[PDB]
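Report on the structure given below.
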Amino acid sequence: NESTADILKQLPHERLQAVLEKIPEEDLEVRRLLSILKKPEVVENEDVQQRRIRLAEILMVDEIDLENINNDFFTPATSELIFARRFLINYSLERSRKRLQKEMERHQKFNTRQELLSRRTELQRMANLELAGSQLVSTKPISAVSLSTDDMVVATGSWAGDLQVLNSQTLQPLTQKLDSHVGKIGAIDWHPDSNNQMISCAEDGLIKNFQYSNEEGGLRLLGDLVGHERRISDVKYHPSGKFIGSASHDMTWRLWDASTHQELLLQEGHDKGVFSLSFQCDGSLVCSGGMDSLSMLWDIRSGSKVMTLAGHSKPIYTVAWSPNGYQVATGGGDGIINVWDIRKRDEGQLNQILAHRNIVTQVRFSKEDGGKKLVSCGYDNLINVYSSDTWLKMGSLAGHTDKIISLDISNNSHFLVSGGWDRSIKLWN
Amino acid sequence: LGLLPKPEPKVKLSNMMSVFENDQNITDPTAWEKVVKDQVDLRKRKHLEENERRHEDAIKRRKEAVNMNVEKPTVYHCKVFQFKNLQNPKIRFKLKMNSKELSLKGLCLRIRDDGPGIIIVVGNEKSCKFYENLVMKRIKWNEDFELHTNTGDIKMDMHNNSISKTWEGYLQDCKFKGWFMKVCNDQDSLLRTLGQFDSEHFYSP
Amino acid sequence: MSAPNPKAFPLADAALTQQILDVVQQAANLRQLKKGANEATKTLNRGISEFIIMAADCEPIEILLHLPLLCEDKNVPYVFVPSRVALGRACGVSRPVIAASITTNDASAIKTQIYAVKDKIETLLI
RNA sequence: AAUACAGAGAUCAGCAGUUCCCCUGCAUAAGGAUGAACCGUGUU
RNA sequence: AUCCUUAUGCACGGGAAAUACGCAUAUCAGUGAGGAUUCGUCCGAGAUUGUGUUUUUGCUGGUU
Ligand SMILES: *OP(=O)(O)OP(=O)(O)OC[C@H]1O[C@@H](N2CN(C)c3c2[nH]c(N(C)C)nc3=O)[C@H](O)[C@@H]1O
């Protein structure tokens, strides 16, 4: 009787088939052992009975044992930067005081009728707008366009990362082009005062301070900024005028001086990329949007993380501050715009415009008038107009054949300039 | 080892003639027709049996699938649609089925009866795409139908009625528990309806 | 993982990779796929491609970094997936594969999976 | 070496099994297409 | 709910081939095997090297 059973037992199929019945039977139970045993949890096509067999086949070959045996700091330093914080406080505090006073003064007049006429007029104006021309720039999509404080000149950055400055009204052709040392352009910004300088961030982790010379095409590097490893997505000038803050990919937004070209603050706190930095009009606060879907406010003067905003279930590309200074607006991969006003805090918080399909790139408030309208751009090819009171969508405009990387709007609000995957720059009325 | 029957030959109406296995070959000619012809069908019957038995087993197995309970997705794809009229019942019915058919969470609303309205749907991204296809390309909202009233049947011309999508996107959580078609008389309780869901904004004037 | 290569961009996540690699293989069986660098580079020059998939951890990475600059001129989406070994399997190959280009046939059976994934990928290129 | 011997030494036939290939079923995976008149926050 | 497509698994029925089918504590190989060209370019996965069986593998039945 022994020799009969032994030869049967010695056999590989039989040896397997005995082992198959001692292993539990559920999809989950089977699966867990696999991942623990490191082999692929699932294969191409299989029913669980086929899955179960694989276990056995793996358990057999290695002669492995049964599932039984199977199973915050404060950082010191940089006194010199410390000096600046004082400057900010003196500048910030005064500015805030002035702003609040001005806001209050508006309140007194009331006379609702005028206002409610005004909004209607604005909406009608928005409804009308159309293309003026297109134009061209390069053969890579256009990553950033910006208007000077006098609104006479546009700068256009390609992915190729070469910037040509164009003439607002006509656009035709341009003043003069430069192919900068960098290949993929993040953002381009004007100094608020002189109209003599720009700043541009790009793939190489180097920010370049440009001197724009008169009507000359002799755009001249004033200095380069170093310290950044990864690509730099966004860069801005403090509302003040002295300081430039940089925000890139390695979880470091860096506050920089214009004059000395020094690193005033190295800040941390997001856990993935940080795709935008915005500075808020009293020059008190910077809000950082990130790829981790956490909008995080920051007080420059104390260097304290203040209020974390959670609302975006995909990366937050643009963070647009409002002129009034008590509201912010964000946009993201999720096709939402959140608008958070810090004053309410306990129960007002975020009003979500549902704006766009297919992402959002750059949200812009209207500069003059304290901020009323919103303008935003996604890959939906459309472009939107929003009230800042109801946040009802008012109108949309389609002149682009492709997606839109970024857009900036005339200070008066008689221009809208939008630039596009399609490689043109389209002036909107 | 002798645990198992020694196999007998397969036989067919081709192989039939030259198998001289001891069983009534030339002797009983029609008795050997039946054996092979019966034999052939018994093999086939087995093919049919393996099929039906397997077919039946899966349906029981299916019930375990029925029992399995969702396991939340981390992100919820969503859509939103907006139309002039929903009056046609055939349209009212499909929207109830497919929503229950595909496990789409969500809601629908509108103004009174003839007043326009909105649709909301949420699920895994595969589900929405089906439903989106339905609402736009399959169903004709401009089509005409003869409705039934309490008295009798009357024509309706919906040609002016039209549909278009507003947004598709992504949301931290979908507070919609089930898909609940309803009616609101005003534009306000309509908001308060969505208001319960913190969805007031999804309506566009 | 290992340090994902900084030049790797757009980098697909876990959930997109499953959706992409599945399309790859689904095309392999209709022989609408093309595997490898040169085979992929050929496609763009001709003008038949739909999108390129690349290996992120391709060692060294500089050997495929030309594809991105070619894709941007032909207006063709692209992404990196996190390992080459996985991409090797999906193309039906024993051995590591660093790039692959799905192609065009507009009578195809799988046409609607492809437009799905390009729509997802072009989102990553911000 | 002499001798004793014993002294020149199976064929006809069937079925399954490996290998590709087509037809037809059921399953498992992904994918699609189209149809279903109704709308869950004081007498026992 | 029907219907349709591709892949994989078990399977009835029908064919073709075994100078064919494999194997290796072994060399390379889409980070390009091996070919075609109208000379402009075009296809894109196996090639070496040692080895096992190959007028046959297992299994029954008749007749002497
Ligand atoms: O076959 P059975 O009735 O058992 O199906 P289930 O009871 O398992 O239940 C819900 C599923 O039914 C399928 N149906 C059923 N019908 C009538 C139907 C389904 N699906 C569609 N589409 C999604 C197009 N249209 C229909 O008319 C669905 O799979 C449901 O999940």
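We number chain A the way Swiss-Prot does; in order, the residues shown are 22-92, 108-465.
Determined by electron microscopy, 3.8 Å, according to the entry header.
Note: Cβ is positioned from N, Cα and C throughout, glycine not excepted.
Feature annotation from Swiss-Prot assigns repeat 'WD 1' to A:173-212. Listed by sequence, the residues of this chain that lie at least six past the ends of the repeat 'WD 1' (A:173-212) yet keep a Cβ under 8 A from its Cβ atoms are 218-226, 228-229, 231, 234, 236, 238-239, 248, 251-255, 438-439, 441-448, 451, 453-461, 463.
If you look up Swiss-Prot, you'll see A:216-256 marked as repeat 'WD 2'. Within the chain, the repeat 'WD 2' (A:216-256) has long-range Cβ neighbours (under 8 A, six or more residues past its boundaries) at 179-186, 189, 191, 193-199, 201, 262, 264-273, 275, 277, 280, 282, 284, 292, 294, 297.
Summarising the annotation, Swiss-Prot assigns repeat 'WD 3' to A:263-302. Long-range contacts of the repeat 'WD 3' (A:263-302) within its own chain (CB-CB distance under 8 A, at least 6 residues past either end) are made by residues 114, 116-117, 120, 123-124, 127, 131, 220, 222-223, 225-229, 233, 235-243, 245, 308-319, 322, 324, 336, 339.
Annotation comment: Swiss-Prot describes A:305-344 as repeat 'WD 4'.
Annotation source Swiss-Prot lists repeat 'WD 5' at A:347-386. Helix, strand and coil counts from DSSP across the repeat 'WD 5' (A:347-386) read 0 helix, 19 strand, 21 coil.
With DSSP states grouped into helix (H, G, I), strand (E, B) and coil, the repeat 'WD 6' (A:391-432) comes out at 3 helix, 18 strand, 21 coil. The repeat 'WD 6' feature in Swiss-Prot is assigned to A:391-432.
Marked as repeat 'WD 7' by Swiss-Prot: A:435-464. Tertiary proximity for the repeat 'WD 7' (A:435-464) is limited to same-chain residues at least six positions away from its ends with a CB under 8 Å from its CB atoms, namely 165-183, 185, 187, 190, 192, 202, 204, 207, 397-398, 400, 402-405, 409, 411-417, 419.
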For the repeat 'WD 1' (A:173-212), residues assigned helix / strand / coil by DSSP: 0 helix, 17 strand, 23 coil
Surrounding residues of the repeat 'WD 5' (A:347-386) on its own chain - C-beta under 8 Å, 6+ positions past either end: 132, 135, 139, 309, 311-318, 320, 323-331, 333, 392-407, 410, 412, 414, 422, 424, 427
DSSP residue counts for the repeat 'WD 2' (A:216-256), split into helix, strand and coil: 0 helix, 18 strand, 23 coil
